[PDB]
Every structure is written in C-alpha cells, then in structure tokens.
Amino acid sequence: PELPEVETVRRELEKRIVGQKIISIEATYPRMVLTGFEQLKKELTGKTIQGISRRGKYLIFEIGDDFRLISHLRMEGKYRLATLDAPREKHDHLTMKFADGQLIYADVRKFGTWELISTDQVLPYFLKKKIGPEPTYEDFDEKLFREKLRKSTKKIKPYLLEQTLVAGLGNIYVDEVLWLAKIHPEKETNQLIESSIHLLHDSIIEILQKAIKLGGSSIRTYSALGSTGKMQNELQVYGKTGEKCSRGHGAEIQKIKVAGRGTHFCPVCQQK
C-alpha cells in the first residue's frame, strides 16, 4: 500500500478496535517483529488499544499510554478482522486476539514489519528515517520543497519515492502525480522551474487527498481492510500501457523502467 491505502486501513481500524483489550498475541512468523516477538507479546498482552495513527506509509497503534506499535505493510501486507474461530490462511503471520474477534496480519512476501517503541520515542523514530512532511497544504511547505529540488541532480521520480521530500508516494501515485503535473519521471530536479514545482506540489496534495477520499486503490477486492477502494477507477496512467492518454491527443501511455521501477507516462504531456 501507499499512503491513501494505509490511511483507509487506519480509519477502519480506528472504528473497530479502539477500546479493545488485547487478550493474547500469537505469531507463526515472529521474525517480522523487529524489536522481538516475545518482548512485544509480554508488553502488549492485556493492554487496551487507545488509538490508531499514521505517519507516511506507517501505521501506529497506540496501546496503553506508553507503547506504540509501528507497522509497515510494505508491498503486500493486509490486515483483516475475523471471528475467533476463523481458519488460518497460508500467509497469515500474526494475530492480536480480542475477546470477540481477532486482528490478523498477512503478507505473502513477508516484507512487512512490526516494531514496538515507547511513546516518547515515536518522533525520534521518524526523524531517524528522515521521513518528509505529510502531503497536506498545512505540513508540505512548497518553499523548502523548491529549495531541495534546486540543490539536487536526482531524477524526480526516484527522489519523490525516497519519502524525504514528502511522505507517502509509491509507484502508483508518483506516476499519477507526474502525469497530472506534466513532468517526465527522469527530469533532473534542478532543471524544474518554479511554476512546474508549484504544479507538482499542489498535484501531490490533490492526488493523495482524492485517493484518501475514495478509499484508496484496490486492484482487487479482498477479505481485508481497505479493499473497498474506488481510486483504481480514477487512475490515468498507472497500469494503462498502450491505452490513450485521457487528455485526448491520441498518444498511448508508455511504460519504461526508471531506477528499477515500472514507470507509466504520456510522452506528449511529459516531455523530458
């Protein structure tokens, strides 16, 4: 997932598991708990979930006053809420059991991670990762953004993916954003002029907030939280190779590889 999908999951969990006491925690893949599964089981068992937050693509479970469980779903992680007698599925790895249901984490590729940290360590955790601002008009300052782009000869798509200019873009929404802002993904950032950077800044905010409003992009429906999204029906370029650009000049969307990633763009709208 990217930020809109994680925010969608966050909202669903907030409605369903806040106020619930954790009765037990069980793992079939304890190695994804990077701070140690037995420690996490010992500390969180019997605690009540107080809230669910998010920073960038990270989910933050607030559990008791003093603990934060930071979860990253990486490429394929999925949460679902099930009854206590639901059968195990092949790629289920962790479960938090409540009195009347359980929260199950599944991840086919085993990339997702859980980290238990203290409340007063959450802000340092994200500072150490150098995560950039949230994609909102209030937090995402164009002036700093502009200065960072000016100092770099990185290509704009990979620099946006780093999460340091702004948090939350992944491959789908960086392709959508650069098409909307009419910028080629291999454009060196120090060549962008002020008006392009302004359009890019606003396009990042608008695309991600639209995606959040529509419940994220679900390339299929699942048993899992966040699988009811509708943003996938609004994508203009991601996965649209060979289809016509929707601005209607008859150009086909093309797919290239940029810094190892599949990259979809309109060669008329997005000139190098």
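From 1 onward, residues are counted along the sequence shown.
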- Note on the structure: For 148 to 156 versus 170 to 178, entry-based mean Cα B-factors point to 148 to 156
- Item | Stretch with the higher entry mean CA B-factor, where the candidates are 158 to 166 and 92 to 100 | 92 to 100
- Task: Sort the modelled residues of this chain by their C-alpha B factor and say whether residue 137 lands in the lowest, middle or highest third.
- Result: highest
- Note on the structure: Of the three thirds of the chain ranked by Cα temperature factor, residue 24 occupies the highest
- Query: When the modelled residues of the chain are sorted by Cα temperature factor, does residue 37 land in the lowest, middle or highest third?
  - Reply: middle
- Give the position of residue 225 by CA B-factor within its chain, expressed as the lowest, middle or highest third. highest
- Place residue 240 in the lowest, middle or highest third of its chain's C-alpha B-factors, as listed in the PDB entry. middle
